[PDB]
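The structure appears right after this line, and notes come after that.
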Ligand SMILES: NC(=O)c1ccc[n+]([C@@H]2O[C@H](COP(=O)([O-])OP(=O)(O)OC[C@H]3O[C@@H](n4cnc5c(N)ncnc54)[C@H](OP(=O)(O)O)[C@@H]3O)[C@@H](O)[C@H]2O)c1
Ligand SMILES: NC(=O)c1ccc[n+]([C@@H]2O[C@H](COP(=O)([O-])OP(=O)(O)OC[C@H]3O[C@@H](n4cnc5c(N)ncnc54)[C@H](OP(=O)(O)O)[C@@H]3O)[C@@H](O)[C@H]2O)c1
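Chains as they are written, first to last, in PDB author numbering: chain B, 29 to 208; chain A, 29 to 209.
Dropping the structure here:
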C-alpha cells in the first residue's frame, strides 16, 4: 500500500492483480471507473484519475506514449511522486523517437522522478507467472531512492530486479524484447 | 446468466473476466470466497460452493479431475443442470484414464448433462479476448439443448463453437492441443 496505477487496459489490470496478490493496496485511475471497475480485481479500488494519484507514492503509468500528455492536468497532484514507465515500444516507435518513452515522461512531469521498469514482462506473466523469483526485471532511473522502492516492489511481486543504471539507459532497456 | 463457475484458479478467474466483459452475470463457487474474491473481477459474485451452484443453469467446472469427486456434496443442488468440463489433461492423464474427464464427470453427476468445451483455449486468450482466427472452440455433449446453451455463450464471448458430436467425442477433444498466441 498504497500503489497507484493510471490506466484501465490489460497491463493495468494484470499489474493490479499481481500487486493485490503480493499484499499491496492498489488504487487505479481510469477515465471511466464505473465501466473499468467491473473487470478489475475486487481488492483494487478503481476510481477517477484525479482521485487515484493523490494518495500513492508510486504510480505505474500503464497507458501508451501517445496518451502521456493527456495526463498533464494531474501535474499538481503528481508533484514529487515516483512514476513507473512500463511501456514496451514497437521497433518502429523506438527508432522514430530520439528519447526513450521514460525520458519523454520525465520531461512532461519534471517535479516527478521516473523509473523504467516492467517493459519486458508480459501481462500474462504478471497475472499468472510463478513467484519463483527467477524472472528478471531491468530497472533504471536517476534517483536511487525511487529505484529501490520499485526494486523492493518487484521483489515482493516475485521478480528479480536488475539495476541498469540512470534513466539514460531507458532507451536501451526499451529495446529489450518482451518475454515471451 | 447467471452463469456459474466452480473453482478459484487462473482459469476460473479468466473465464469470469471474460463472461462479465460479454454481459453475463457471474457467480463463483470457492471453498474460501473471502480470500478468492480479492483477485476476481468485481462484477463477479464470489461465494461458497453451495450458494454458487444454486442459481445458475450452466456451471463451468474449473477444477482439476482429481477434485471432481470433492464436489459430490453439491449433487442435490446441481440436479438437472448443465456442467461444462473445461479440463485440458496432460498427455499422461489422457492416456492413463480409459474415459475422458467429461465422461468421468458425467458419471459422478448422472442427473446433470455434461458439455465438453473450452479445453483448447488458454486462460490468457480468455482474458485478452479471442481474435481471429483463434476463435474455434470444440464442443461436444449428448444433449442438443445443453450444447446450444454453451455454444451461444461461446459466441457471445467472441469464440466460434465447432460441434464435435456426442460426449463420446470428448476423449478425442481432450487430446487437442491447447492454443496460445
Ligand atoms: N500487455 C502487455 O503484455 C504489455 C507488456 C509490457 C508493457 N505493456 C505496456 O503497458 C501500457 C498499456 O498497455 P495495455 O496492453 O494495457 O494497453 P490497453 O489494453 O489498450 O490499455 C491502454 C490504457 O490506456 C488508458 N488511457 C489513459 N488515457 C487514455 C487516453 N487519453 N486515450 C486512450 N487510452 C487512455 C486507458 O484507460 P482509461 O480509459 O480508463 O483511462 C486504457 O486502459 C503500454 O505502454 C504497453 O507497452 C504492455
Ligand atoms: N489455465 C489455462 O490456460 C487452462 C486452459 C484450459 C483449461 N484449463 C482447465 O481449467 C481447470 C483449472 O485450471 P486452473 O489453471 O484454473 O487451475 P488452478 O489455478 O490450480 O485452479 C484449480 C481450482 O480448483 C478449485 N478446487 C475446488 N476444489 C478443490 C480441491 N478440493 N482441491 C484443490 N482445488 C480445488 C480451487 O478453487 P477453490 O479453492 O476456491 O475451491 C482451485 O483454484 C483444469 O481442469 C484445467 O485443465 C486451464
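No residue lacks a Cβ here, since even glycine has one placed at the ideal position from N, Cα and C.
Does any CB atom of chain B fall closer than 8 Å to the CB of residue i?
i, result
"residue 59 of chain A", "no"
Flag this pair as yes or no: are the beta carbons of residue i and residue j separated by less than 8 Å?
i, j, result
"residue 196 of chain A", "residue 38 of chain B", "no"
"residue 45 of chain A", "residue 154 of chain A", "yes"
"residue 131 of chain A", "residue 109 of chain A", "no"
"residue 133 of chain A", "residue 102 of chain A", "no"
"residue 117 of chain B", "residue 202 of chain B", "yes"
"residue 204 of chain A", "residue 148 of chain A", "yes"
"residue 56 of chain A", "residue 33 of chain A", "yes"
"residue 93 of chain B", "residue 150 of chain B", "no"
"residue 90 of chain B", "residue 161 of chain B", "no"
"residue 98 of chain A", "residue 198 of chain A", "no"
"residue 96 of chain B", "residue 47 of chain B", "no"
With a threshold of 8 Å between beta carbons, is residue i in contact with chain A?
i, result
"residue 152 of chain B", "yes"
Who pairs with residue i in a beta bridge, going by DSSP?
i, result
"residue 58 of chain B", "B:76"
"residue 71 of chain A", "According to DSSP, which records beta bridges pairwise, residue 71 of chain A is partnered with nothing at all."
"residue 145 of chain A", "A:167"
"residue 88 of chain A", "A:33, A:112"
"residue 188 of chain A", "A:164"
"residue 207 of chain A", "A:149"
message: Taking 8 Å as the cut-off, does the region 150 to 169 of chain B touch the region 75 to 82 of chain B (at least 3 CB pairs, one atom from each stretch)?
response: no
query: Does the region 53 to 70 of chain A come close enough to the region 138 to 146 of chain A that 3 or more CB-CB pairs lie under 8 Å?
result: Not touching, per the Cβ criterion.
message: Short of 9 Å Cβ to Cβ, which residues in the region 62 to 84 of chain A face chain B?
response: 65, 66, 67, 68, 69, 70, 71, 72, 74
- request: Kindly confirm or deny that the region 175 to 194 of chain A and the region 152 to 167 of chain A touch, where touching means at least three C-beta pairs closer than 8 Å.
  value: yes
- prompt: Using a Cβ cut-off of 9 Å, which residues of the region 39 to 51 of chain B contact any Cβ in chain A, in chain order?
  reply: With the criterion set as a beta carbon lying under 9 Å from some beta carbon of chain A, the members of the region 39 to 51 of chain B are 41, 42, 45, 48, 49, in sequence order.
- request: Output, in sequence order along the chain, the residues in the region 155 to 181 of chain B whose CB is closer than 9 Å to any CB in chain A.
  value: 155, 156
message: If contact is defined by three or more beta carbon pairs under 8 Å, each pair taking one atom from either stretch, is the region 184 to 192 of chain B in contact with the region 43 to 58 of chain B?
response: yes
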